[PDB]
**Student:** 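Let me give you the structure first, and then I'll get to my questions.
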Amino acid sequence: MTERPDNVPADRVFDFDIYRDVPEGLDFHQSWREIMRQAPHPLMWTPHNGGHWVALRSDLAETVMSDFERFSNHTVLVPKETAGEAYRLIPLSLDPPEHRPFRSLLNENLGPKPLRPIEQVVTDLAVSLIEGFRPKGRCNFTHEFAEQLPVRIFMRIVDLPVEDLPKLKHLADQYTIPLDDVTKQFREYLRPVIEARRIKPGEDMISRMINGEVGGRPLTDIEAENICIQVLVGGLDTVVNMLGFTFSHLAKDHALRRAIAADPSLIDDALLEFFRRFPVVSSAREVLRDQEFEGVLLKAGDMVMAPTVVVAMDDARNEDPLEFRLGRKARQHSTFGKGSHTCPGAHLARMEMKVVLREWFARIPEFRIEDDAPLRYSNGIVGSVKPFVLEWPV
Ligand code: HEM
């Protein structure tokens, strides 16, 4: 809905809304592939959401994703002058070199070692939820299962009392009640906990960050609060939506479902193919300087969207990427991004998927979409299958 600027050839104009639903009834990733296939250039421009460029080829997307010297994490959301400014929060908004010490802190604290006890936490939660609805023979998977996981897991990582789950779920939902008021509510909740752990440190992630340094100086309360929020939100819709694609797929692909049920040792490799097959995140970058790129002039202040989606779905760099194959000898993808801002929660994401797949298949080996209804999907910063119902015998 914005005026076409003088740095945008009309040859690169296309009708793209990252918030608009997938047309009923294409497959989410198929839809994207058609957008990629119809586009006259690898880099197109859309009047929607402030007006912004979109990288529509794999190599291009990964370049914008990773080349911080030209494309900055200063704004990552569209529209830039509403959502982009609204959600800009250090250190995720930082570029290298400044982003370096924070990246280290994020990556080490969400690593395999300090997340070791989380595995039994995910196991007990998954089991309790599944045993809950198993005798009903049906469930809304997104509301009754997927959505019940990430806040509870976050809360065990940072060691917060389970009584606070509804409060925290409500804040995270309303964050993603004016926004600035939600952030204040986040800090009013988190600051006493951080201050309590400065006095009596434990082994949780807040205590670990507190006893860490970045510039050779301690973290401030502001920085630790920012990181807590970003870690809570960062693993919420991502994990819920990923689980949605995974289980709606299993529901349809009976060949795959029956193999995994009859042989759970397939889960480790199936997992790797679920992360390749179903990229969900579309992040963007801000242009800081006038730059010649892709045969056009990128003005300073321009936004460039670089979806993880266009990476693994590019058939000029991937073999039949819509096909779900356990056989795959090559599985390159950027579902977790590329560059300094590569997802530090990727280990947690894979641990969660594994436990969920293992406990689900132990208990409900055979299931499908109720009445084998068609899937419908949404786009956004995190893509999704709209809420679906699963059914199983007894
Ligand atoms: C299937 C699950 C997940 C997917 C697909 C995913 C995807 C991504 C992507 C694409 C990025 C890069 C954003 C960019 O280009 O700037 C990212 C970063 C990030 N993720 Fe994840 N994520 C997942 C799970 C998680 C979890 C479980 C956590 C936390 C426990 C988490 C926390 C974060 C944080 C804090 C960042 C920001 C890194 C930085 O900018 O320094 N994510 N994620």
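The figures that follow rest on heavy atoms only: side chains count, while hydrogens, waters and symmetry mates do not. Start at 1 with the first residue, then count along the sequence. Just so you know, ligand 1 is whichever comes first in the structure, and atom 1 is the first atom listed for that ligand.
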**Student:** List every atom of ligand 1 that sits less than 4.0 Å from any heavy atom of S283, numbering the atoms from 1 in the order shown and giving each element.
**Tutor:**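 So the answer, numbered in order with elements, is 14 (C), 15 (O), 16 (O).
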
**Student:** So, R187 and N226: side-chain donor and acceptor under 3.5 Å apart, yes or no?
**Tutor:**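 Yes - a donor-acceptor pair under 3.5 Å links their side chains.
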
**Student:** Of all residues at least two apart in sequence or in a different chain, which pass the ring-ring contact (aromatic ring centres under 6.0 Å, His included) check with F16?
**Tutor:**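 So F16 forms a ring-ring contact (aromatic ring centres under 6.0 Å, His included) with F14, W32.
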
**Student:** Go through it in stages, so that I can follow the logic: the residues are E119 and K354, the test is side-chain contact (heavy atoms from CB on, under 4.5 Å), and I'd like the CA-CA distance, side-chain angles, deciding distance and then a yes or no.
**Tutor:** CA-CA 10 Å; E119 189 167 7; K354 190 185 65 175; 3.4 Å; yes

**Student:** Going by the side chain to side chain contact (heavy atoms under 4.5 Å, CB included) test, name the single residue among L115, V162, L125 that passes it with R156.
**Tutor:**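 Exactly one candidate clears the test, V162.
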
**Student:** Against heavy atoms of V281, which atoms of ligand 1 measure under 4.0 Å?
**Tutor:**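 Listed by number with element: 7 (C), 10 (C).
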
**Student:** Show me which atoms of ligand 1 lie under 4.0 Å from any heavy atom of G235.
**Tutor:**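 Counting atoms of ligand 1 from 1, those under 4.0 Å from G235 are 25 (C), 26 (C), 27 (C), 28 (C), 31 (C).
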
**Student:** What part of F102, side chain from CB on, backbone N/CA/C/O, both or neither, has a heavy atom under 4.0 Å from ligand 1?
**Tutor:**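 For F102, there is no contact with ligand 1 at all, from either part.
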
**Student:** For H99 and ligand 1, answer yes if some heavy atom of the residue is under 4.0 Å from a ligand atom, otherwise no.
**Tutor:**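 Yes, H99 has a heavy atom closer than 4.0 Å to ligand 1.
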
**Student:** What do you reckon, does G234 have a nitrogen or oxygen under 3.5 Å from a nitrogen or oxygen of ligand 1?
**Tutor:**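 Right, the criterion is met.
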
**Student:** Looking only at distance, does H341 have an N or O less than 3.5 Å from an N or O of ligand 1?
**Tutor:**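 The answer is yes, given that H341 and ligand 1 share an N or O pair closer than 3.5 Å.
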
**Student:** Distance check, rounded to the nearest 0.5 Å: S93 atom OG versus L77 atom CG?
**Tutor:**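 With rounding to 0.5 Å, OG (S93) is 11.0 Å from CG (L77).
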
**Student:** List every atom of ligand 1 that sits less than 4.0 Å from any heavy atom of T335, numbering the atoms from 1 in the order shown and giving each element.
**Tutor:**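 The atoms of ligand 1 under 4.0 Å from a heavy atom of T335 are 5 (C), 7 (C), 10 (C).
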
**Student:** Show the atoms of ligand 1 that are less than 4.0 angstrom away from any heavy atom in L348.
**Tutor:**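 Counting atoms of ligand 1 from 1, those under 4.0 Å from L348 are 27 (C), 30 (C).
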
**Student:** State whether the number of non-hydrogen atoms from other residues, nucleotides or ligands found under 6.0 Å of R20 atom CZ is greater than 12.
**Tutor:**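 Enclosed.
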
**Student:** Could you tell me, atom by atom, which parts of ligand 1 come under 4.0 Å of a heavy atom of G337?
**Tutor:**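 That gives atoms 10 (C) of ligand 1.
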
**Student:** For the hydrophobic clusters of this structure (ILVMFWY residues joined by side-chain heavy atoms under 4.5 Å, transitively), does one cluster hold both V239 and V127?
**Tutor:**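 Cluster IDs for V239 and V127 differ.
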
**Student:** Could you tell me whether some N/O pair between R285 and ligand 1 is separated by less than 3.5 angstrom?
**Tutor:**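 Looking only at distances, the answer is yes, because the N/O contact criterion of under 3.5 Å is met.
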
**Student:** Roughly how far, to the nearest 0.5 Å, is the CE atom of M313 from the OG1 atom of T308?
**Tutor:**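 Between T308 OG1 and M313 CE, I get 9.5 Å after rounding to 0.5 Å.
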
**Student:** Would you say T308 and ligand 1 have an N/O pair spaced under 3.5 Å apart?
**Tutor:**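 No, since none of the N or O atoms of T308 sits under 3.5 Å from an N or O of ligand 1.
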
**Student:** Which option out of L94, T238, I157 puts a heavy atom nearest to atom 3 (C) of ligand 1?
**Tutor:**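 Of the listed residues, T238 has the closest heavy atom.
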
**Student:** Would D95 and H341 count as having a side-chain donor-acceptor pair, cut-off 3.5 Å?
**Tutor:**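 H341 and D95 do not have a side-chain donor-acceptor pair below 3.5 Å.
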
**Student:** Taking the six-membered ring of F367 (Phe, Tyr or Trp), confirm whether the NZ or CZ of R257 is under 6.0 Å from its centre and within 45° of its axis.
**Tutor:**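 Yes, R257 and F367 form such a contact.
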
**Student:** What atoms in ligand 1 come closer than 4.0 Å to a heavy atom of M242?
**Tutor:**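 Matching atoms, with element in brackets: 1 (C).
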
**Student:** Indicate yes or no: does an N/O atom of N73 lie under 3.5 Å from an N/O atom of ligand 1?
**Tutor:**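 Yes: some nitrogen or oxygen of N73 is under 3.5 Å from one in ligand 1.
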
**Student:** Using heavy atoms and a threshold below 4.0 Å, how should the contact between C343 and ligand 1 be classified: side chain, backbone, both, or neither?
**Tutor:**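 For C343, backbone and side-chain atoms both sit under 4.0 Å from ligand 1.
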
**Student:** Please could you name the atoms of ligand 1 that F275 approaches to less than 4.0 Å, counting only its heavy atoms?
**Tutor:**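 Taking each heavy atom of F275 in turn, ligand 1 has 1 (C) under 4.0 Å.
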
**Student:** Under the ring-ring contact (aromatic ring centres under 6.0 Å, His included) test against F245, which residue among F274, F28, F324 passes?
**Tutor:**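 Considering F274, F28, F324, a ring-ring contact (aromatic ring centres under 6.0 Å, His included) with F245 is found only for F28.
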
**Student:** Return yes when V76 approaches ligand 1 closer than 4.0 angstrom through a heavy atom, no otherwise.
**Tutor:**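 So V76 does not count as touching ligand 1.
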
